[PDB]
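Asker: One structure follows; several queries about it will come next.
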Amino acid sequence: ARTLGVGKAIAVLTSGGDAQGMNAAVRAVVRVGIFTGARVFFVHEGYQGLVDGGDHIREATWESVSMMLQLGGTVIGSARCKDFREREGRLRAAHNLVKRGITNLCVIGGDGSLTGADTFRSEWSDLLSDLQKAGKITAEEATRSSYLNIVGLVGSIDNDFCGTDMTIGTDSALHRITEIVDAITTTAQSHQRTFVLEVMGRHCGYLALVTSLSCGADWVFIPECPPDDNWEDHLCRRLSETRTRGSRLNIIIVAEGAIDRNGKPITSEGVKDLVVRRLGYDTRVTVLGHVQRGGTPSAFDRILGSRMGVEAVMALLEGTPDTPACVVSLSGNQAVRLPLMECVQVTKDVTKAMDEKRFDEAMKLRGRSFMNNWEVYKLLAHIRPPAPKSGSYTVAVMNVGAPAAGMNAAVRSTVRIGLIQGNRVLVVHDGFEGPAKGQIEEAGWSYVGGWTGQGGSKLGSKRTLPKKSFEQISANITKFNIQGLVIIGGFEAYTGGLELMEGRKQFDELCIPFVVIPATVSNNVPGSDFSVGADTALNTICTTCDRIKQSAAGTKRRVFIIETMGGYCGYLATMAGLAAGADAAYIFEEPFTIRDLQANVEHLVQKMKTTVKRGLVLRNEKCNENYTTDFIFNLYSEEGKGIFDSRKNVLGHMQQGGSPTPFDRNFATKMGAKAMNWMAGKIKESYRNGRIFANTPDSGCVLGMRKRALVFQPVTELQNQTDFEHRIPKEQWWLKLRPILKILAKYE
Ligand SMILES: Nc1ncnc2c1ncn2[C@@H]1O[C@H](COP(=O)(O)OP(=O)(O)O)[C@@H](O)[C@H]1O
Ligand SMILES: Nc1ncnc2c1ncn2[C@@H]1O[C@H](COP(=O)(O)OP(=O)(O)O)[C@@H](O)[C@H]1O
Ligand SMILES: Nc1ncnc2c1ncn2[C@@H]1O[C@H](COP(=O)(O)OP(=O)(O)O)[C@@H](O)[C@H]1O
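Under the entry's author numbering, think of the first position of the sequence shown as 9, with each following residue one higher.
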């Protein structure tokens, strides 16, 4: 309760380099801290200000952190303080903390900033014994002894720190690198242009690799897996092969830290020389640099910051004199608290691992998804397909339902990995209306050329179901020889999937296996924590929310009521509501009585009266049939008659050809591969009599992200896990957030 951090005060601090999201993190720490009834002190300019003092440590006020969520970089400012690397420095800062009573330290930094704080709470003890030779009164110390616990949120655009699935800013970083390539690409038309982007990457190929998977990079260079002997030619033959195969351009991403087998760095510029001294085409080089670090923070990063924030402050109060250092982290999509040292003493271990030419090892400590992205990437950018024909299983891929950003990313993968396996792959136009009307065709390796970035649905999707036309489809699945189905779509994908099983009872043809890759703006599919194209939507809501809000700022003291999409699923609403820091986001999964609405409006008002000048009120397009937008609006209006102005617009259904964000492109890529892979199997094990017959419920699935790993779940199994009238899954991880969303809004 709010009786947790009373008689307790904490110092927050950025350190290291600006990472879009640090502000949101700070804000969280400030507010949740003040909320725990504790006191929060700012401490400007990284570890410096802590070393310095007085003027560098103002006390934080609630209002102090508004207008931050969306602001790039750090407002509490960061520095590089070399002073802190030595004891004297600490003696100095530690002095400054005990002088103000602060006993809790929040450090939002990185591999370094972290290990600094790390090796501080460490030898803090004697630091006190030392401060007693004169320093301060042993009385202001007696009761401020062994309780200086510290936690550390990892900000970092290179996302290298070991232990967390995402560091703050890297999504944003990814966005930047993408926007460029996005452009660098949509207009290179004019000669076989060959770009050479050099992205951030000390001793970490993450942004490097990922940017390559989204762009459809022709070649990459990553620290952890050096090209070893040969290659120039490899890359030439490559860039050369693709030349004849037809191509407007080439993109060769290069991690900064790009080295060769021997450690003697491969230079972006050198790559350029090569590609020209050999095949010679206008080959240019760009070196993004310190921009990747700016721009405004993405929904994810705004959100990740808020989450880590609270996790930090909590870890800070629940702290103890018998507990080790905390490093809140995202993991399996749930916040964890990992031991600081363990983390650092490891994240470090990956560099050594690399120092010694032990890259297989380096690649190991990175392990996770990394290794996959790697293998999957090489595969998809791959030279080309081997010897086809023969008794190759043939699969069909289709889209079903409302369109999404990522569908093309998914289809492209599904097909390619398909051909890499040696299987035939048909492509279906217009979801189920497809096998039915029979608009099916074979997809060659190019059919999906550079789709990865294209939004909307190249293939065509319709949310119509299949039952009413099994005759037709079964007829076609028999004529085209479809013997496996990969369905990319949303609730109708799942729903039409269940509709398939039933068919297995009446039709032999239907007795093939099928996977369902979730692609829905709304994130309403049972089976996964995230569908594809959700971020892309969620990232557009956020944007225009910020616009609407931070606009017409002339009228001053005004409130906006915004209605987001998502049917009955209040994911978008809830998430955006938290990313654009709205005072309230009325969603369906959490019913509200008018006694609430009031308590809620008799609340924004008390704010529009004092501190705040702009109000944000988000409402799910279905949170409730009577308390309509128009209801909420007028209620919010009248009630704020004197005090403020207020307008209300309905975003409605947009993102027509909305280009998928780096994350959706990746998510949609990792999957369509993971499925065409899994399907290779089921078609294998479902063959028995020179016929293929799946009639188990192991075939026919929905592939979803489940707190930590993808899992093929059987449709029939999810049924009692899903509300069908509202078309929303029954368990929704994110409802767990609402509270933290109401906290940052200063409620309860
Ligand atoms: N080993 C260390 N001991 C003490 N402070 C450190 C250490 N490493 C880094 N720092 C501090 O972290 C801040 C920035 O270091 P950097 O190496 O840039 O960390 P990061 O990679 O997390 O941004 C500076 O205040 C620096 O003094
Ligand atoms: N845009 C995002 N929206 C939601 N979660 C995200 C986003 N970006 C990263 N994450 C989180 O980071 C986790 C770990 O990512 P990871 O396994 O390394 O794959 P990638 O290499 O695609 O990040 C994702 O599974 C997800 O939980
Ligand atoms: N797109 C790419 N970017 C960077 N390296 C690549 C790419 N594609 C292939 N390679 C590298 O080519 C080398 C050989 O490719 P591989 O698939 O192992 O077949 P083979 O070893 O017979 O040439 C590997 O080191 C692989 O990492």
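Where a beta carbon is used, it is the ideal one built from N, C-alpha and C, also for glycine.
Cβ of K386 versus every heavy atom of ligand 3: is any distance shorter than 7 angstroms?
Answerer: Yes; taking the cut-off as 7 angstroms, the Cβ of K386 has a heavy atom of ligand 3 nearer than that.
Asker: Here's a check: name, in chain order, each residue in its chain whose Cβ is nearer than 6 angstroms to the Cβ of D537, leaving out the five neighbours to either side.
Answerer: Around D537: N341, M713 and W741.
Asker: Using a Cβ-based criterion (distance less than 7 angstroms to any ligand heavy atom), does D268 qualify as near ligand 3?
Answerer: No, since every heavy atom of ligand 3 falls outside the 7 angstroms radius drawn around the Cβ of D268.
Asker: CB of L161 to nearest heavy atom of ligand 1: below 7 angstroms?
Answerer: Not so, every heavy atom of ligand 1 lies at least 7 angstroms from the Cβ.
Asker: Just to confirm my understanding: we take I651, look at its own chain, exclude 5 residues before and 5 after, and list those with CB closer than 8 angstroms. What are they?
Answerer: These residues qualify, in order along the chain: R565, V613, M616 and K617.
Asker: What are the start and end residues of the beta strand (DSSP E) that includes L624?
Answerer: Note, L624: beta strand (DSSP E), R622 to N628.
Asker: Does DSSP put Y594 in a helix, in a strand, or in coil?
Answerer: Note: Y594 maps to strand in three-state DSSP.
Asker: With distances taken between CB atoms, is the gap from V207 to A263 smaller than 8 angstroms?
Answerer: Contact flag set, yes.
Asker: Use the C-beta contact count for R627: other C-beta atoms within 10 angstroms, 16 or more gives buried, fewer gives exposed.
Answerer: Per the 10 Å Cβ criterion, buried.
Asker: Looking at the secondary structure, which residues open and close the alpha helix (DSSP H) in which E319 lies?
Answerer: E319 -> alpha helix (DSSP H) spans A307 to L325.
Asker: Any contact between the segment 150-168 and the segment 106-120? By contact I mean 3 or more CB pairs, one from each, below 8 angstroms.
Answerer: The segment 150-168 vs the segment 106-120: in contact.
Asker: Out of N634, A101, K356 and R622, which has the shortest C-alpha to C-alpha gap to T563?
Answerer: Comparing Cα-Cα distances from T563 to each of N634, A101, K356 and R622, the minimum goes to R622.
Asker: Alpha carbon to alpha carbon, how far is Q480 from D179? Give it in angstroms, no decimals.
Answerer: Going from the Cα of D179 to the Cα of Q480 covers about 45 angstroms.
Asker: Suppose the cutoff is 7 angstroms on Cβ atoms and the five residues either side in sequence are ignored; what does the same chain contact list for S477 look like?
Answerer: Taken in chain order, the residues that qualify are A444.
Asker: With respect to the alpha helix (DSSP H) encompassing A542, which residues constitute its N-terminal and C-terminal limits?
Answerer: Run containing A542: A542 to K557, per the alpha helix (DSSP H) assignment.
Asker: Considering just the uninterrupted stretch of the beta strand (DSSP E) at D237, what are its terminal residues?
Answerer: It is not in any beta strand (DSSP E) - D237 carries neither H nor E in the DSSP assignment.
Asker: Return the first residue and the last residue of the alpha helix (DSSP H) that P670 is part of.
Answerer: Unbroken alpha helix (DSSP H) run through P670: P670 to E693.
Asker: Can we count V218 as close to ligand 2, meaning its CB is less than 7 angstroms from some heavy atom?
Answerer: The answer is yes for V218.
Asker: Could you tell me which whole beta strand (DSSP E) segments of length 3 or greater appear in the segment 598-622?
Answerer: Runs found: none.
Asker: Please list the segments of the alpha helix (DSSP H) lying wholly inside the segment 565-590, counting only runs of 4 or more residues, in order along the chain.
Answerer: Listed in chain order, they are 579-587.
Asker: Along the chain, where does the alpha helix (DSSP H) containing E277 start, and where does it finish?
Answerer: First-last of the alpha helix (DSSP H) with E277: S276 to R286.
Asker: Is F701 near ligand 2, judged by its Cβ being under 7 angstroms from some heavy atom?
Answerer: False, no ligand heavy atom lies under 7 angstroms from that Cβ.
Asker: Please list the segments of the beta strand (DSSP E) lying wholly inside the segment 434-517, counting only runs of 3 or more residues, in order along the chain.
Answerer: The qualifying runs are 448-450 and 493-497.
Asker: Between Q78 and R152, what straight-line distance do the alpha-carbon atoms span, to the nearest angstrom?
Answerer: Cα to Cα, the separation comes out at about 36 angstroms.
Asker: Kindly list the residues whose CB is nearer than 6 angstroms to the CB of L388, restricted to its own chain and excluding five residues on each side of it in sequence; keep chain order.
Answerer: Same-chain partners within the cutoff: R424.
Asker: Pick from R310, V719, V40 and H390: whose alpha carbon is nearest that of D706?
Answerer: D706 has its Cα closest to that of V719, out of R310, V719, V40 and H390.
Asker: Which residues bound the alpha helix (DSSP H) around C334?
Answerer: Segment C334 to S339 is the beta strand (DSSP E) holding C334; no alpha helix (DSSP H) there.
Asker: So, at 7 angstroms on beta carbons, what are the nonlocal neighbours of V279 in its own chain, with the 5 sequence-adjacent residues on each side left out?
Answerer: If we look at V279 and ignore the five residues flanking it on each side, its Cβ neighbours are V204, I260 and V262.
Asker: Which same chain residues end up closer than 7 angstroms to residue 758 when comparing Cβ atoms and leaving out the 5 residues on each side of it in sequence?
Answerer: Coverage of the chain is limited to positions 9 through 756, which leaves residue 758 absent and any answer about it impossible.
Asker: With three or more C-beta pairs closer than 8 angstroms as the rule, is the segment 422-441 touching the segment 666-682?
Answerer: Counting Cβ pairs under 8 angstroms, three or more are found: they touch.
Asker: So, is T146 buried or exposed, given that buried needs 16 or more other C-beta atoms within 10 angstroms?
Answerer: Exposed.
Asker: Which residue comes first and which comes last in the beta strand (DSSP E) that contains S654?
Answerer: Element bounds for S654: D653 to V658.
Asker: Confirm the yes/no value for this check: CB of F308, any heavy atom of ligand 2, distance under 7 angstroms.
Answerer: Checking the Cβ of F308 against ligand 2 gives yes.
Asker: Report the three-state DSSP secondary structure of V523 (helix, strand or coil).
Answerer: Correct three-state label for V523: strand.
Asker: Do the CB positions of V283 and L338 come within less than 8 angstroms of each other?
Answerer: For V283 and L338, no; Cβs fall outside 8 angstroms.
Asker: Flag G666 as yes when its Cβ comes closer than 7 angstroms to any non-hydrogen atom of ligand 1, and as no otherwise.
Answerer: False, no ligand heavy atom lies under 7 angstroms from that Cβ.
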